Amino acid sequence: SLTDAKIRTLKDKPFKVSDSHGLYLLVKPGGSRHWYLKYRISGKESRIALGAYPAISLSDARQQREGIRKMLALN
Amino acid sequence: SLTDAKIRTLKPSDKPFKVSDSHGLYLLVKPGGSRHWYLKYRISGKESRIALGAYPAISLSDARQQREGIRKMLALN
DNA sequence: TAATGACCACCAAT
DNA sequence: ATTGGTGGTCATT
DNA sequence: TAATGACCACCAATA
DNA sequence: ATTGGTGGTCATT
């Protein structure tokens, strides 16, 4: 999983930079760097935006994912 | 609003009390010594709460961010 | 004209 | 059977 | 257990 | 109309 060093040390086309547990940083050509969270609700796949980076830190994105997991843990 | 400085210096009480941050987030301080984060929310009119973790393991900013995650989920719909 | 939510595919490992 | 990683698309705000 | 999710009354503040 | 802030309870695990 990511450190904040690995993120600034990146570089194309849209690509996903994975942390863990479905959380990733989306990098688009322009410089658009936005956190997202892959999840399923009773089988269906979606994603939720956790804000823009570096405004939203990695540890910020992680804690957002944590709160969301607790919500999804029911049920 | 809540600050960590306020939490640090909370007076002991014989009774549970809630210390409000904002947007439904509070710290529940129980007589014993336990301090736990809870978020007050409603899903289509029905009220509940979710535990966000023990303070200080979970910090004020940590809990706030768990809340911002949860609020984004709730904002659907 | 972006960003977001809602998906697709295959696949490995729990 | 379900999630998470790699790598994408497309419609609705 | 002590902590959690659900959810009560009363009302003030958002919206 | 809906939430957020007081201040509580209750039954499971």
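Lettering of chains follows the sequences in order, A, B, ..., and the numbering in each one begins at 1. Heavy atoms only: backbone and side chains are in, while hydrogens, waters and symmetry mates are out.
Judged by the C1'-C2'-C3'-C4' torsion, the sugar of D/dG8 sits on the north side, since the angle is positive. South is the pucker assigned to the sugar of C/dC10, its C1'-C2'-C3'-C4' torsion being negative. The pentose of C/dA6 is categorized as south (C2'-endo side) on the basis of a negative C1'-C2'-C3'-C4' torsion. Sugar pucker at E/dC8: north, on the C3'-endo side, as the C1'-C2'-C3'-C4' dihedral is above zero. Judged by the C1'-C2'-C3'-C4' torsion, the sugar of F/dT6 sits on the north side, since the angle is positive.
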query = If pairs are Watson-Crick or G-U with both distances under 3.5 Å, what is the dot-bracket string of DNA chain C, marking crossing pairs with [ ] and pairs to another strand with |?
reply = .|||||||||||||

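Atoms CG and CH2, on B/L28 and B/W37 in that order, are 11.0 Å from each other to the nearest 0.5 Å.
In this structure, the NZ atom of A/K38 is 10 Å from the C1' atom of C/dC7, given to the nearest Å. Protein atom CG of A/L25 is 13 Å distant from nucleotide atom P of D/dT6, rounded to whole Å. Computed from coordinates, the B/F17 CZ to F/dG5 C1' distance equals 15 Å when rounded to whole Å. Atom pair B/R42:CZ and E/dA15:P shows a separation of 15 Å (rounding to whole Å applied). In this structure, A/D19 places its CG atom 15 Å from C1' of D/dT3, rounding to the nearest Å. At whole-Å resolution of the value, NE2 in B/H23 and P in F/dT2 are 18 Å apart. Atom-to-atom, CD1 of B/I43 to P of F/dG4 comes out at 13 Å; the value is rounded to the nearest Å. A/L37 places its CG atom 13 Å from the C1' atom of D/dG5, with the value rounded to the nearest Å.
B/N77 comes within contact range of no nucleotide atom at all, as no heavy-atom separation falls under 4.0 Å.
For B/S34, the side-chain contact (heavy atoms from CB on, under 4.5 Å) partners two or more places apart in sequence, or in a different chain, are B/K30, B/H36. Applying the side chain to side chain donor-acceptor pair (under 3.5 Å) test to B/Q65 and every residue at least two apart in sequence or in another chain returns nothing. Checked against side chain to side chain donor-acceptor pair (under 3.5 Å), A/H21 has the following partners two or more places apart in sequence or in another chain: A/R69. Take B/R35 and apply the side chain to side chain donor-acceptor pair (under 3.5 Å) test, not counting sequence neighbours, and it matches no residue. Residues meeting the side chain to side chain donor-acceptor pair (under 3.5 Å) test with B/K72, sequence neighbours left out: A/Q64.
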Under 3.5 Å between N/O atoms: give me all the protein pairs with nucleotides 2-6 of chain E, atom names plus distance.
from  : atom 1 : to    : atom 2 : distance (Å)
E/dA3 : OP2    : B/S34 : OG     : 2.9
E/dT4 : OP2    : B/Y38 : OH     : 2.7
E/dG5 : OP2    : B/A51 : N      : 2.6
E/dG5 : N7     : B/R49 : NE     : 3.2
E/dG5 : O6     : B/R49 : NH2    : 2.9
E/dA6 : OP2    : B/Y41 : OH     : 3.4
E/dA6 : OP2    : B/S48 : OG     : 2.9
E/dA6 : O5'    : B/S48 : OG     : 3.4
E/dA6 : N6     : B/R49 : NE     : 3.3
E/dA6 : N6     : B/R49 : NH2    : 3.3

Which pairs would a plain distance check flag for residues 52-63 of chain B, meaning a side-chain donor or acceptor within less than 3.5 Å of a matching protein atom at least two apart in sequence or in another chain?
from  : atom 1 : to    : atom 2 : distance (Å)
B/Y55 : OH     : B/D4  : OD1    : 2.4
B/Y55 : OH     : B/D4  : OD2    : 3.4
B/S59 : OG     : B/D62 : N      : 3.3
B/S59 : OG     : B/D62 : OD1    : 3.2
B/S59 : OG     : B/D62 : OD2    : 3.0
B/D62 : OD2    : B/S59 : N      : 3.4

Under 3.5 Å, sequence neighbours excluded: what are the donor-acceptor pairs made by side chains of residues 43-51 of chain B?
from  : atom 1 : to    : atom 2 : distance (Å)
B/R49 : NH1    : B/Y26 : OH     : 2.9

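Within 3.5 Å, no donor on the side chain of B/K18 pairs with an acceptor on the base of F/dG5, nor the reverse.
Annotation for B/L39 and B/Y41: closest pair O-CD2, 3.5 Å, computed over non-hydrogen atoms. Of all the heavy atoms in A/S1 and A/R62, the pair that sits closest is CB-NH2, 3.9 Å.
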